[PDB]
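Residue numbers (the authors' numbering), protein chains in the order written: chain X, 50 to 146; chain A, 196 to 292; chain Z, 196 to 243; chain F, 1 to 305; chain B, 103 to 153.
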Ligand SMILES: *[C@@H]1O[C@H](CO)[C@@H](O)[C@H](O)[C@H]1NC(C)=O
Ligand SMILES: *[C@@H]1O[C@H](CO)[C@@H](O)[C@H](O)[C@H]1NC(C)=O
């Protein structure tokens with residue numbers, strides 16, 4: 050199960066943010082025009098309406114994936130390994146073939 | 196394939212070259228406050244967990260007990276083994292004894 | 196019979212001659228603490 | 001590289017869509033992620049405030065720290081007996097650590113964290129399908145006395161364990177409208193207690209600067225086309241979609257996520273022993289089970305139905 | 103008053119160790135606007151008219 054962590058979005062104000070490609074898992078960078086960022090305490094930048102917001106979204110394993118994980122394998126062919134108990138003349142022999 | 200098993204893949208748990216197609220979609224924000232609105236397909240691992248069927252410890256033919264580390268099938272009969280034995284001459288005794 | 200009607204019987208309610216054949220099985224105690232483990236068939240009166 | 005000093009890290013104000021007033025809201029406690037992948041029903045909650053740490057970050061049990069609701073953003077203490085966790089009824093709090101909590105909860109549909117103070121009754125809530133989870137093949141409300149003692153996986157109650165790491169970066173700009181005042185159609189910058197303020201106005205040109213003093217910098221027209229924020233803020237914060245990154249948004253630190261899944265032996269119920277009646281080429285099982293119980297049959301031939 | 107879903111409405115006055123409570127039948131279920139069910143309203147949305 051993945052984690053799909055989304056970082057803090059990048060803002061530039063009266064300026065562009067053409068996103069740079071990255072090698073992270075399922076990277077998605079996308080640019081937003083006409084945004085007005087606003088956290089608590091007031092509007093977060095000067096530029097009135099021509100703002101660019103680079104929104105970033107990649108994906109990552111969950112912290113608990115070290116236990117609940119599924120491993121994919123190929124199976125080509127299987128060969129027996131049998132343990133044989135052979136007794137003869139009051140003498141025993143346990144051996145793997 | 197998004198929304199199915201194998202949507203996120205990696206060679207190891209601690210590996211860095213993680214590849215994924217989770218069908219993540221970035222949406223233009225609507226409210227004045229800051230947030231990154233993303234719509235994503237559900238985890239294919241969870242869907243496969245919910246629709247796993249029964250494992251091979253409960254459906255393997257011939258009564259084969261499936262065990263792991265290593266992957267193997269133990270203690271089941273499905274045929275005949277022609278065994279050739281070279282019994283030493285010390286085991287035999289003469290007919291007069 | 197267990198799990199059905201008539202699992203416990205008596206001629207009268209106050210009689211000490213009470214008969215029953217519920218499938219009660221006493222299990223081997225496993226934990227450190229003292230108790231009794233027992234599994235019983237469900238009472239057939241509530242099933243009826 | 002994964003440090004746990006906590007004297008160089010800070011909490012943040014989160015945006016979560018349900019406080020006490022049932023609206024999208026700012027809270028000092030913001031649940032970021034919930035991981036209900038245990039086997040005893042215990043869940044791990046990632047709250048935007050630190051826990052078990054004092055004013056300065058020294059390890060101090062039964063105190064926690066958050067971002068206050070004031071212009072001078074002082075990191076403020078509160079006692080941990082006021083913390084409450086609920087899903088449908090109250091949750092038992094099992095473990096606490098910076099950014100992370102371990103709580104045992106009844107089944108429900110929403111995870112809620114609250115501060116039960118005399119005046120501050122802040123709360124936050126996320127949607128999470130916390131369901132009743134059992135290990136084995138027979139369902140149970142709570143594990144019984146008699147059992148089989150099979151292997152399961154349990155969140156460790158100790159805070160010393162680690163299930164991975166989380167990235168921590170330096171904070172970005174966090175602008176205030178209280179640091180700008182419009183007088184006679186002109187802008188004033190008002191720093192409280194003489195603290196240094198970095199400002200950026202673009203009504204004439206990209207005019208940056210720093211002041212600790214009231215300034216008619218270019219005069220300008222309105223305060224809505226300019227900003228001013230704090231500079232003396234180099235305390236690491238975990239990256240979140242309710243913050244703005246700084247221009248050098250690289251991994252400044254890594255922080256341990258506690259409560260690793262340890263493999264643990266744990267009991268499961270033993271069902272009633274079946275009564276098998278035998279008839280020619282077949283058997284009949286008389287099965288009594290108060291709770292749902294899994295029966296799995298297979299033939300030992302070529303076709304295992 | 104805002105209430106969780108239930109099958110009754112109950113009013114009480116915890117005065118003098120006597121609640122003096124009253125309970126009435128009412129079918130209260132979580133109602134939702136629009137065409138997508140939600141436990142609580144989200145951040146992103148379409149801002150549909152409701153009442
Ligand atoms: C998925 O899990 C739910 C949980 O209630 C269950 O009802 C459903 O049958 C499962 N399978 C599918 C295909 O939805
Ligand atoms: C503000 O900056 C000045 C010089 O830039 C420095 O002397 C002073 O200590 C700073 N004050 C604070 C509170 O950071």
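We put the beta carbon where it would ideally sit given N, CA and C, even for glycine.
At a Cβ-Cβ threshold of 9 angstroms, residue 74 of chain X and residue 215 of chain A count as neighbours.
Set against 8 angstroms, the gap from the CB of residue 93 of chain F to the closest heavy atom of ligand 2 is not smaller. Contact check between the segment 110 to 117 of chain X and the segment 83 to 91 of chain X: fewer than three CB pairs, one atom from each, fall below 8 angstroms, which does not count as touching. Rounded to the nearest angstrom, the gap between the Cα atoms of residue 157 of chain F and residue 278 of chain A is 56 angstroms. Under the criterion of beta carbons closer than 8 angstroms, residue 27 of chain F and residue 122 of chain F qualify as touching, at roughly 6 angstroms.
Runs of the beta strand (DSSP E) lying entirely within the segment 176 to 264 of chain F, each at least 3 residues long, are 180 to 183, 186 to 189, 197 to 201, 207 to 211, 226 to 230 and 253 to 256 in chain order. Judged by DSSP secondary structure, residue 240 of chain A falls within the alpha helix (DSSP H) whose first and last residues are 239 to 245. Along the segment 11 to 23 of chain F, the positions whose C-beta sits under 8 angstroms from a C-beta of chain B are 15, 17, 18 and 22, read in chain order.
For residue 237 of chain A, there are no neighbours in chain B by C-beta distance under 7 angstroms, as the nearest C-beta there is about 15 angstroms away. In the three-state DSSP reduction, residue 260 of chain A falls in the strand class (E or B). Between residue 217 of chain F and residue 243 of chain F, the alpha-carbon positions lie close to 28 angstroms from each other. Inter-residue distance for residue 294 of chain F and residue 16 of chain F is about 41 angstroms (C-alpha atoms, whole angstroms).
Counted as a single uninterrupted DSSP element, the stretch harbouring residue 253 of chain A is not any beta strand (DSSP E), since DSSP gives it neither H nor E. In the DSSP assignment, residue 64 of chain F falls within the beta strand (DSSP E) that extends over 59 to 67.
Any Cβ of chain F closer than 9 angstroms to the Cβ of residue 226 of chain Z would place that residue at the interface, and such an atom is present. Nearest to residue 111 of chain X by alpha-carbon distance, out of F:35, F:79, F:67 and F:59, is F:35. If only complete runs of 4 or more residues are kept, the segment 33 to 106 of chain F shows no alpha helix (DSSP H) anywhere.
The segment 259 to 271 of chain F makes contact with the segment 143 to 157 of chain F; the number of CB pairs closer than 8 angstroms reaches 3 or more. Residue 227 of chain F places its beta carbon less than 9 angstroms from that of residue 201 of chain F.
Residues of the same chain with a CB within less than 7 angstroms of the CB of residue 234 of chain F, apart from the 5 flanking positions on each side, are 170 in chain order.
Looking from the CA of residue 173 of chain F, the closest CA among X:103, X:140, X:122 and X:92 belongs to X:92. Close partners of residue 268 of chain F in chain Z (Cβ separation under 9 angstroms) are lacking, with about 12 angstroms as the shortest Cβ gap.
Residue burial annotation: residue 233 of chain Z is exposed, with fewer than 16 other C-beta atoms found within 10 angstroms of its C-beta. Only those residues of the segment 255 to 272 of chain A whose C-beta falls short of 9 angstroms from the nearest C-beta of chain X are listed: 266, 267 and 268. Around the CB of residue 272 of chain A, fewer than 16 other CB atoms lie within 10 Å, so the residue is classed as exposed. Note that the segment 132 to 141 of chain X touches the segment 282 to 289 of chain A; at least 3 beta-carbon pairs, one per stretch, sit closer than 8 angstroms. In this structure, the alpha-carbon of residue 274 of chain A lies about 58 angstroms from that of residue 93 of chain F. F:150 is the residue among F:127, F:150, F:72 and F:129 whose C-alpha sits nearest the C-alpha of residue 136 of chain F. At a cut-off of 9 angstroms, the C-beta of residue 136 of chain B has no neighbouring C-beta in chain A.
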